[PDB]
Amino acid sequence: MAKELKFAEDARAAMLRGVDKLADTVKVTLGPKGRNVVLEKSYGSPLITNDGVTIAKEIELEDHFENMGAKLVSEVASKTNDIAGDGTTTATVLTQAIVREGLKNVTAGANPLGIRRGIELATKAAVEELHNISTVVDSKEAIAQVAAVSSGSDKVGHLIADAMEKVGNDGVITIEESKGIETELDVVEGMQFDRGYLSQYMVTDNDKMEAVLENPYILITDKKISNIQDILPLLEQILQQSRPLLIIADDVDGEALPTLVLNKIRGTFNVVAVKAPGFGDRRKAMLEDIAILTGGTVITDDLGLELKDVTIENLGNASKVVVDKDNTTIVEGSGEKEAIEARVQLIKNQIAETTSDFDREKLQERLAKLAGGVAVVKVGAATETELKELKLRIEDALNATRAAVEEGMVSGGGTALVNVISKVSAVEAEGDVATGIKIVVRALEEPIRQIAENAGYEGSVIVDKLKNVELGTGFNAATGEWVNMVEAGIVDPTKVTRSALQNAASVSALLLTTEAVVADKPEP
Amino acid sequence: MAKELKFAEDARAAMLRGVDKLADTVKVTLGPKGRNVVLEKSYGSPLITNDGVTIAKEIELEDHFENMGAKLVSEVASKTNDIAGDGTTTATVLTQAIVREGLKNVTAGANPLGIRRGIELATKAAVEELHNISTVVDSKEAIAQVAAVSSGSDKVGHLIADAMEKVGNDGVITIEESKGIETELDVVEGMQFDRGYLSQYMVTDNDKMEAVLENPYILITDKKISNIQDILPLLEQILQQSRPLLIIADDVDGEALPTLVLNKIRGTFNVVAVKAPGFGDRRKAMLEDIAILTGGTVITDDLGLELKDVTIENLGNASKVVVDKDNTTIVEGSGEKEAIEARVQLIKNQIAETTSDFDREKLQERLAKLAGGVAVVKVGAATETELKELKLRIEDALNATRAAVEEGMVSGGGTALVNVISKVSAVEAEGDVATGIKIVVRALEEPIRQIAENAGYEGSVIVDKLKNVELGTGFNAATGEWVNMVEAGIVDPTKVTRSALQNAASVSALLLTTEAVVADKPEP
Amino acid sequence: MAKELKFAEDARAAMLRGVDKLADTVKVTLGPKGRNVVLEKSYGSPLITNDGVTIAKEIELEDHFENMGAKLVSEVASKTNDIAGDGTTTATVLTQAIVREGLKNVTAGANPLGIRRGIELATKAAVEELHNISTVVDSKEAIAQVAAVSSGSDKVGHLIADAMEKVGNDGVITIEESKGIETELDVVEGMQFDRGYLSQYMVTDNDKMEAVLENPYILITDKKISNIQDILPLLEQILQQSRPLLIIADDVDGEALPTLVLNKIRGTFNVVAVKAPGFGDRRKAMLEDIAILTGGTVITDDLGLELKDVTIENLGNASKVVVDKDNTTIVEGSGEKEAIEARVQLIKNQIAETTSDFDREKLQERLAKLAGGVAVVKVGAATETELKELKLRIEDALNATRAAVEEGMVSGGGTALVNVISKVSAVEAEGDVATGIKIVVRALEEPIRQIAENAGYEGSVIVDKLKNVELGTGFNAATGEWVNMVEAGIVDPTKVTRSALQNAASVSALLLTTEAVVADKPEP
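Each protein sequence line maps, in turn, to chains M, L and K. With the first letter of the first sequence counted as 1, position 272 gets the number 272 in the authors' numbering; the numbers rise by one all the way through. With the first letter of the second sequence counted as 1, position 179 gets the number 179 in the authors' numbering; the numbers rise by one all the way through. With the first letter of the third sequence counted as 1, position 194 gets the number 194 in the authors' numbering; the numbers rise by one all the way through.
Spelled out as structure tokens, the structure:
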């Protein structure tokens, strides 16, 4: 339909207006003393919240180009909200500041390519400095402490520590609702592999986006399922059994996939299909591993098994299966322990025999995935409200604990961002590169200044005082006192800050170089 | 509907406005330092890209005459984007420049026929000069290097070199996804002939526009298939076998073609029908060759075989068949090797016996197609993302390698275009012919000047300096340094540049002679 | 619905505005150096062409009166485009000039009836002069030369010459596509009669408007077919045979005609019904002749044959049947040669015996149709594109050859039109008759002046110089040199020019006498 071709600064002017609208709507919630924002709802009472990501999601502007800006910044925050729950806001603030100042500089010449180069150099230096100064969190006590912060109650610290120790750093930890009143930790045989659902229609938990199956049947095959006729007898058998079905195949497409989607939507079948992990000869390796764990059989042409000949017996079984957008987790497979042990010993022998470091690494991955098991946290509480609150509290606690385990811990409240200003200013450059360096140097003060302003303190005073205090001492927005953030517990994961900075810098660089904007004309 | 007939100059003014809008949207992406353009999408996040052809495709203007200009220039770029991926942009820039300056000159008299004559003469001289100065690429090492540039990784160079040698210059090379982690080259018995699909509805790969069939049945016949009843028993047999079907007939039309199209759309039948290559007595020659290669039988009235009497046995078989818009490729035919060898020997005897150079050439074409085989590149990589990236990287690398093989290699970055300015200026003409010669001379500087401007350098300075430096030395837009393009690897295929220039000149000549524009009046 | 009655001059003013719009859109393509015009299309790329008839067909104006003038002039061009392909444009230019100058003269008095009388007298004198000065084309060598001009390649000249000698001047010549690479001429037994199809729905070749049947069944009967039930058994028999059916009857109407039209549209039956040539006892004469030539039997009440009793055996057969809007052609009838010879001898005896010159002429027509046969030109070429181009080239070459054979050859490029100016000016008249004579004298210069202007030369200078040069020497628009058009090959058929002049004069006379225009009021 009719386009609204626009070039030069006016396109960028509209881009900036949209980004400014979104930033003014979002940034007011930044910091512990953030203020609350009211969002409209079609039905029921309106929702009042200070959660940044929800507000950013709800934003949609009438002006097409401002809508472009809003959607762009929202997609930036999308890459970051996955870890923790605060990295989806700092990125927006940094993007707004960088875009505004860069546009102002570009208006007066200042070849945009030099600005982008300087921004990239400053961001790289800042990331290097952040990885330089950090409290490495690797001790068991520190890991338990981080599991005991955020919400983390107190027991979650020890629970996460023990589960982590039992399954390792990369071991799978699962959270369940115990029917009792006590929260318990269990380690069972399970499999998680990086294969999400083929479609969102078969998601069981819309809020968690995850697909949850309880005591499901598991279909294991290396073949491609493009025809629904190949599985109709098995579908009828499972419908007779009235149990959920998990499908692990090379690919499910064609007419079978829409048919299964329609059946799931209508509730006829509680079926989930995911792609088979691994490729080539490797795929059959952990296909056989899954078959051993679940007690099922891999349906492959090598064994002479056909899809139409698959019965209930050949299907794998497990207590619970969780499928997210990218990974599928199996809990308490029904296969024999001795067979799993024999497979583990075979993989160990292969590792001791293989000479390729790549093949050894793949076999080690299979061995660790098979032998580490799955940590199960059966949360128990007196009331369903208490159980749900504890579940939510444990979820983000585990996420933050893992994030701290991988990268580390740094000063919270944006203090880390200012602490790296000196190193960025130390970067040597000339011309537009130096201009972009100064741009980033100025913009890096935005989070702390905004947090100070939201609490009513003067931002500039806070920035100036922070630039002249000892490293590790920042500003406590809650109390207005200058204390040790590490001692005061105002700590943020290194990964969150660095990811927000990287995303904001990259997207600001992309936007600053935009020259022509193509958008649909509003319909009269 | 109602028309809005418009004549004289302001019609050309509207055409120029449309072309200017399209060029201002496209040309900003020209060159290595091209800037990004944002395109709106109906669903999902907007796409940001610097790919010229996609942006040109997405452009649609509300003004009918400006829409006319946009569609014209887009159809021009259509004839050029087939080879490489950059010739679809320079053509637009040259077209805009020529049209603008020619319109300005025509406004002051300057009989347009003389302008068209001068433009054609200048373009012919420029093409001759481009064919004159060129680094001929025929050595195996140079071919491997050209296959090792663009993306070309490094292994693709040797892989393309070896397949290029094994199948010859015109030999068919195919790219496949190996299930393993290594990319391998294979030469098998195959057949590619210039016969595309009869319709776009049975296209299996929409992105590649190609029709892909895996282990399909092949129907070989010289008869015309206008009735679906003639093939219903065979259709039912193949549906029972649930395999793809390839139809090679003189012509499939009437009611059978829409029926097959509907069946393919509904997914009932994976059938593709193409015309039989060759005509007269010749057609049966490669028909029999295809039957021998695939193990099938040609259904012809000479042999007493009827379409309704065709069984599964008489059908040809192959591992894979690829059908593009214009050609159909057969991979790993199931016919006997000895029969193919006997056919090859028969064709060789015919060649040694035939006295007509035309008939000898046709027999040589058949012999080369039968004996050269098909090069199969089974791409292997660790991940599907890696496999797809490698596949895409190999595709354009092969295309550019072939383009360099046929024509040659010249200086990239538009340096070749400036290098031929002197020869064009040396062409003698008078009056409007000389005016058109000057028009082309002035316009030939547009690509390099635009590239310099996109990188922030002054275009006029770069043009003037380039006109006075030694041949083979140009401007590196990436670094801003005057180096050897051949040594620095800034090289472009001769075919791309010459095709872009020819298309731009022809279309500009057609547009400059326009006198009256008939357009659909907008509905109030 | 509602009318918008308008009288007096503004009605004529709108007539003139519409005619001027159409003329300004068309005339720019006149002459060898014509400029191109852009036409909109609903789907696909817009079509750019300089073909006048297509552009005139595509024009449709919003103003009801201007659409009035456009439709009128288009219907004028309709009567002229049949012969050659250029007479559809000169007529429009002449009409525009005459209408404009006549309207201006009528505005100042000048009783329109006198203007019409003067226009008719001038046109009659011009036609007489054109028939006076002309190069009569009757020699075989000249006929071959004219067959060797236009496109005419070179072989088409001799081919058309030999076919024309073999079949005579009025003999039927047919063009076919040979499966080989060589074009061949064949003379076979055939039949063409002035009876077109009963409706356009059974037209097989939409582009050529002709109905083409290959090896069809021929129904020959003198009865009137108004009931579809009379032919249902034969229809079922032919459907079993799956062959085309040709129906030759007195008249096909009632319910049978819509039923056959629906069957042909649905593709159930490839049936074409045409009226029987001749009337009274004469109709049965060439009905029996067709039966003899095709081997069929005439279904008539005299023989006691009923329509429901017609079998496949009684149907005539031929290799090919071509049915245009006005004539039906039969190729290679299956009847016995001896029976045809006996019929020919009977007709010759009747001719030698008949005493009525009218009856003798009719019998001679039958004899010539039976004995002259049909020339078949089997065009052969290497590629289908070459075959189609050669077919199109032969078509117009044959048309122009016939046109020159009947009338003759005169100077092309409008030189003949100026060459007759003196004779028209020599016509004596007074008052408005003399005014119309001057009108035609002035308007006759329009084509040459327009052609000169399109090539950039001053029209008035060309006209003045042409009026003072020797007869037979005109202006070559391609080169701008005054050469002998006959020697230079710039020759146009006499029939085309005279027909264009007659049509333009007649329609201009009709329009100049208009006083009231009733038009449909635009819907608000």
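Note that CB positions come from ideal geometry on N, CA and C, so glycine has one too.
Does residue i come within less than 9 Å of chain A when only Cβ atoms are used?
i, result
"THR383 of chain L", "Looking for chain A here will not work: the only protein chains present are M, L and K."
Can you check which of these residues, the options, is closest to residue i by C-alpha distance?
i, options, result
"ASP82 of chain L", "L:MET15, L:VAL38 and L:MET209", "L:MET209"
"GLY85 of chain K", "K:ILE133, K:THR29 and K:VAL331", "K:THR29"
"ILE312 of chain M", "M:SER508, M:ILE160, M:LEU234 and M:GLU214", "M:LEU234"
"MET68 of chain L", "L:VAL19, L:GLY109, L:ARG35 and L:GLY114", "L:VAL19"
"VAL167 of chain K", "K:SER150, K:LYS179, K:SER151 and K:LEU185", "K:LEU185"
"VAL433 of chain M", "M:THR92, M:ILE119, M:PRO32 and M:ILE59", "M:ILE119"
"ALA443 of chain L", "L:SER460, L:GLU430 and L:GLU428", "L:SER460"
"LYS124 of chain K", "K:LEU512, K:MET409, K:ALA2 and K:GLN502", "K:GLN502"
"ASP194 of chain L", "L:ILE115, L:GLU165, L:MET286 and L:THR383", "L:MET286"
Between residue i and chain L, is any beta-carbon pair separated by less than 9 Å?
i, result
"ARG442 of chain K", "no"
"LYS391 of chain K", "no"
"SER460 of chain K", "no"
"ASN419 of chain M", "no"
"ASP24 of chain K", "yes"
"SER411 of chain K", "no"
"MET286 of chain M", "no"
Is residue i close to chain K? Criterion is C-beta to C-beta, closer than 9 Å.
i, result
"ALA519 of chain L", "yes"
"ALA2 of chain L", "yes"
In or out: residue i buried (at least 16 other Cβ within 10 Å) or exposed?
i, result
"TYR43 of chain M", "exposed"
"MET202 of chain M", "buried"
"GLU386 of chain L", "exposed"
"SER411 of chain M", "buried"
"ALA108 of chain L", "exposed"
"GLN96 of chain L", "buried"
"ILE225 of chain L", "buried"
"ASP357 of chain M", "exposed"
"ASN270 of chain K", "buried"
"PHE65 of chain K", "buried"
"residue 562 of chain M", "Residue 562 of chain M falls outside the range modelled here, since chain M spans only 1 to 524, and no answer is possible."
Under 9 Å between the Cβ atoms of residue i and residue j?
i, j, result
"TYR217 of chain M", "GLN192 of chain M", "no"
"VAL440 of chain K", "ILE133 of chain K", "no"
"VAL321 of chain M", "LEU246 of chain M", "yes"
"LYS362 of chain L", "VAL379 of chain L", "no"
"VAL136 of chain L", "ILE394 of chain L", "no"
"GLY190 of chain M", "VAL331 of chain M", "yes"
Measure from the C-beta of residue i to each C-beta in chain M and report whether the shortest distance is under 9 Å.
i, result
"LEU39 of chain L", "yes"
"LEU61 of chain L", "yes"
"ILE181 of chain L", "yes"
Which whole runs of the beta strand (DSSP E) in the region 349–406 of chain L are 3 residues long or more, in chain order? 374–379
At which residue ranges does the region 449–486 of chain K contain complete alpha helix (DSSP H) runs of 4 or more residues, listed in the order of the chain? 459–466
Output the residue ranges of the beta strand (DSSP E) runs that lie fully inside the region 178–248 of chain M and measure 3 residues or longer, sorted by chain position. 184–188, 190–193, 211–214 and 217–221
Just list the alpha helix (DSSP H) runs in the region 276–317 of chain K, keeping only unbroken ones of 4 residues or longer that don't cross its boundaries, in chain order. Runs found: 280–294.
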